[PDB]
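Please read the structure below before turning to the comments.
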Amino acid sequence: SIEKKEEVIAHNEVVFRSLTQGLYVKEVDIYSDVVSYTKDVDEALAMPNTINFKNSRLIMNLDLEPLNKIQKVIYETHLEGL
Amino acid sequence: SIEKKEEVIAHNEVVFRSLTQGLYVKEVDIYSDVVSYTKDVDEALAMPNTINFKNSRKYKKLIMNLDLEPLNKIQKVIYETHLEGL
Amino acid sequence: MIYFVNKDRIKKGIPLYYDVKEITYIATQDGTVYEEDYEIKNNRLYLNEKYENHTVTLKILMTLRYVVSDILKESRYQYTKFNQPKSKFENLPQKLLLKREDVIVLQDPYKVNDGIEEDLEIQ
Amino acid sequence: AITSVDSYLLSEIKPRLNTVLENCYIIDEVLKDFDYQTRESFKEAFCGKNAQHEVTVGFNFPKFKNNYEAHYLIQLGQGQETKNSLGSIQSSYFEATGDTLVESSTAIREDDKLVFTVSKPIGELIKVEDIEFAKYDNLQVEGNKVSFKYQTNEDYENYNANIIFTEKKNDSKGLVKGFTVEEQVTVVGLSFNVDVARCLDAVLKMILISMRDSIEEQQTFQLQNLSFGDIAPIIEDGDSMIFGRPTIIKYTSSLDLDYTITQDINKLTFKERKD
Amino acid sequence: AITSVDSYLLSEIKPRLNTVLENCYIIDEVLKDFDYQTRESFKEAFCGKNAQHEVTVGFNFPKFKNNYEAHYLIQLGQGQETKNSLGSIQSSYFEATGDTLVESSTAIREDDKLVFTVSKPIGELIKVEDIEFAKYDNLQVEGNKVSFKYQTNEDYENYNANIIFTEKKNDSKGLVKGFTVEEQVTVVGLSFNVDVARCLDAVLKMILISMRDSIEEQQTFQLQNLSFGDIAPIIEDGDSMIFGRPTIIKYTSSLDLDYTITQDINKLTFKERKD
């Protein structure tokens, strides 16, 4: 069973994804329009997921499928008997 | 919505408990009989139990003591990636 | 020889320092290994996921090989004339000082095979 | 904190070297000055995720055969004591402290405070990225977590911050006794192909450059100096020679030990005398 | 920009050596102090377009046989770190820049401006030969081409200019982290005839002198120093000895790496507080 546990959220971001190809964005141009795509889920271009940024610039393309990405990292211990 | 999951083992070591007293061993004498005790898991006579260190010899006398209850203290870190839509 | 496995080497395949003819004995921290868990292709070794972070060691048999590191008593000669229409020149055996191939290893040469069955009955 | 330079070197080199060899853009940046032939050959052999050939690193005198296509060889080298302080005193601490850790931690809402959680307790908070807490925010650390006033900062409820902090070990206090040591460590690349050795040396130089931003050697192993030897045949008795160019790395570190103190004053006995 | 001194030496030596040996006038200028016999023998053997004998240059430890009539042999030698800057900072750049290029470019007429075309885009314009543009000319660079006002300069519609410029790579910005390295490289001429070796050494010295005007070592490999060894028999086990006089060349270069920065400020949030 569990003797001690704690959960923390290492990162919380918004990932951009194409609607047709299904590949996420990797690299972008000066205006941040897409120039490269990638199949990876983590390497994809992402921005902080907070309202201030959202109000501070969706804006690049009509492929309007952002993805709120949240990373949960958990520390725990067990005392398994014999 | 767990997009991906991963697990990691940081430590894996054995710790002994007295069946009646409920304490954990911390020290032994030259004959390897218990000398001291603690009620703290973080401070105990840890025996490494990773892949390389199995089948030890330092604590054979300690193991055979019926009053002691071995415990496999294992510490883990698990990473979970969530995709929550827009 | 011995190798250390990681999450990357498991998929690519372990590159062996030597060549391979056959394997004598494999082992790891969990004990020996059976034929059902490992395979070899193009002189590299594959393992299943059970040994992601284990060590592996092998006793291996390889073909003997040599390179000519010097030519010694290099030429010996005879004007053979007895029982010949005319004088003939014949080069007698060279002596070679051979050296083993350890630092760099190349696979056995690709010889062209013959379709003649060995130990073929005739009648 | 006794320093093992070789283990630190190995731990820094392995993941960093793998990451550098992972992608082609960084390698092309590194090998800008080299000719087309050697650059492309090295890229074909070692560079890329799907590379068939692979480099290795390890210490000297291994009982097993070691791959001589491309390998990083380390040996410990000499050392010297250069500077000392009065009484060998380096620093004084009230709370036992271990390594310095960097952790990412997303902001969280608590009924009175925004907070960040951490893996382990805090002995001292060095820096929070892009934040300079004022008196109004009333920055407070309470074991595992650090906290600041909720109301006036409520726009930042999910701030994707990261933290540089220090572990907490005990509440005891003591003195740090030790000195500084000037150490030399030798690193050499091995390859039966000389061009591969040259490229390997260049990669080694680049990763040494990159390491200077690392926390540990910023805090522990300052004053890095480098020195390169001549390309020489390491071995001639094989069918083909081994070629390598040794490099010498210098570091300065503080070997020290924590001397605890049990004396704690809590009362005073001011009394006069009579005659 | 990691520096490969050996490759630069080879690339500078080969065409320059061929050009020097092409004509007799330069060779006669070089060998003014030598006697008639050796001078004329070397000229007969190697000098001239139609020379039957030819010199060669290459690195050390070649697995193939190497011509020992006249050859330039290079080996890498030692290296040392001599100077550093605070934080290992060398320079700061707003736009990624590659090598410095020199291109000839004849002037062209455009409806409002005279212009010069170039092979590649421009990151920065250093100099235009024999020109000091004033405010009236309003010098502007727009990617590949540089331009100035047409009307008052119309006499120069076909000016046979040449340009020293710098390549453009990216619009990103970053920091340059690195140090200076003091490197030694050894060069030796080989010949079974000692007089040929002497003349070869003199030619080597002259081309080293000529190299100092080169762009690359003016920008990268400053502080050239030379040192000559004694004429010695390189090998005695052959039917005839090999004679060569090693020379040591020193250079100073800046090993550096570009550290990019993603932080760009474009908005300000100046707000007061209340209590």
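We label chains A, B, ... in the order they appear in the structure tokens, count residues from 1 in each chain, and number ligands from 1 in the order shown.
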Report task. With a cut-off of 7 Å and counting only C-alpha atoms, select all residues of chain E in contact with chain D and give the selection as a count of residues only. Result -> 12
Sorted by chain and rising residue number, list the residues of chain B at most 12 Å from chain C (counting only C-alpha atoms), each with its closest atom pair and distance in Å to one decimal, as a tab-separated table.
```
residue	atom	partner	partner_atom	distance
B:8	CA	C:53	CA	11.8
B:9	CA	C:53	CA	11.8
B:50	CA	C:29	CA	10.7
B:51	CA	C:29	CA	6.9
B:52	CA	C:29	CA	7.0
B:53	CA	C:29	CA	9.9
B:54	CA	C:29	CA	9.3
B:55	CA	C:29	CA	11.2
```
Requested in this report: Might you pull out every residue within 9 Å of stretch 15-22 of chain A, with only C-alpha atoms counted and same-chain residues fewer than 6 positions away left off, and present them as an NGL selection string?
Outcome: (:A and (37 or 39 or 41-42 or 44-47 or 58 or 63-69)) or (:B and (83 or 86))
Requested in this report: Restrict the distance test to only C-alpha atoms, flag each residue of chain A within 8 Å of chain D, and return the flagged residues as an MDAnalysis selection string.
Outcome: chainID A and resid 8:13 48:52 75
Atoms kept (C-alpha atoms) for selection, written as a short mmCIF file (atom, residue, chain, number, x, y, z; two decimals), in the first residue's frame:
```cif
data_model
loop_
_atom_site.label_atom_id
_atom_site.label_comp_id
_atom_site.auth_asym_id
_atom_site.auth_seq_id
_atom_site.Cartn_x
_atom_site.Cartn_y
_atom_site.Cartn_z
CA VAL A 8 2.64 18.46 -8.35
CA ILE A 9 1.99 19.94 -11.79
CA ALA A 10 5.35 20.45 -13.48
CA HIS A 11 3.94 22.22 -16.56
CA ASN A 12 0.64 23.52 -17.94
CA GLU A 13 0.65 24.66 -21.58
CA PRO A 48 1.86 29.02 -21.11
CA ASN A 49 -1.76 28.22 -20.30
CA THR A 50 -2.86 31.34 -18.45
CA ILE A 51 -5.43 34.02 -19.22
CA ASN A 52 -2.89 36.86 -19.27
CA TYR A 75 6.15 11.09 -5.88
#
```
Requested in this report: Can you pull out every residue within 10 Å of residue C:35, counting only C-alpha atoms, but drop anything in the same chain fewer than 3 positions away, and send it as number ranges by chain?
Outcome: C: 26, 38-39
Report task. Please provide the set of residues having any atom within 12 Å of stretch 132-135 of chain E, restricted to only C-alpha atoms, with same-chain residues fewer than 5 positions apart removed, written as a PyMOL selection string. Result -> chain E and resi 126-127+140+146-149+152-153
Do you have, as JSON lines, the list of residues of chain C lying at most 7 Å from chain D, each with its nearest atom pair and that distance in Å to one decimal, counting only C-alpha atoms and ordered by chain then number?
```
{"residue": "C:1", "atom": "CA", "partner": "D:64", "partner_atom": "CA", "distance": 6.5}
{"residue": "C:17", "atom": "CA", "partner": "D:67", "partner_atom": "CA", "distance": 6.6}
{"residue": "C:99", "atom": "CA", "partner": "D:239", "partner_atom": "CA", "distance": 6.3}
{"residue": "C:100", "atom": "CA", "partner": "D:239", "partner_atom": "CA", "distance": 6.9}
{"residue": "C:101", "atom": "CA", "partner": "D:239", "partner_atom": "CA", "distance": 6.4}
{"residue": "C:103", "atom": "CA", "partner": "D:238", "partner_atom": "CA", "distance": 6.6}
```
Using N, CA, C and O atoms, can you export the residues from the last selection as a JSON list (two decimals), in the first residue's frame?
```json
[["chain", "number", "residue", "atom", "x", "y", "z"],
["C", 1, "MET", "N", 32.89, -11.15, -24.14],
["C", 1, "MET", "CA", 32.58, -9.73, -24.23],
["C", 1, "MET", "C", 31.35, -9.44, -23.39],
["C", 1, "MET", "O", 30.60, -10.34, -23.00],
["C", 17, "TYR", "N", 31.42, -6.09, -31.13],
["C", 17, "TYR", "CA", 32.81, -5.76, -31.44],
["C", 17, "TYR", "C", 33.43, -6.81, -32.37],
["C", 17, "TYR", "O", 34.21, -6.47, -33.26],
["C", 99, "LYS", "N", 49.39, -11.28, -39.00],
["C", 99, "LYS", "CA", 48.89, -10.54, -37.84],
["C", 99, "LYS", "C", 47.38, -10.70, -37.73],
["C", 99, "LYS", "O", 46.67, -10.67, -38.73],
["C", 100, "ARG", "N", 46.91, -10.89, -36.50],
["C", 100, "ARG", "CA", 45.49, -11.09, -36.24],
["C", 100, "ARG", "C", 44.69, -9.80, -36.40],
["C", 100, "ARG", "O", 45.21, -8.69, -36.24],
["C", 101, "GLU", "N", 43.41, -9.96, -36.71],
["C", 101, "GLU", "CA", 42.44, -8.87, -36.89],
["C", 101, "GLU", "C", 41.57, -8.72, -35.64],
["C", 101, "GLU", "O", 40.57, -9.40, -35.48],
["C", 103, "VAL", "N", 41.63, -5.08, -33.83],
["C", 103, "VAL", "CA", 41.26, -3.67, -33.70],
["C", 103, "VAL", "C", 40.16, -3.32, -34.69],
["C", 103, "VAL", "O", 39.22, -2.59, -34.35]]
```
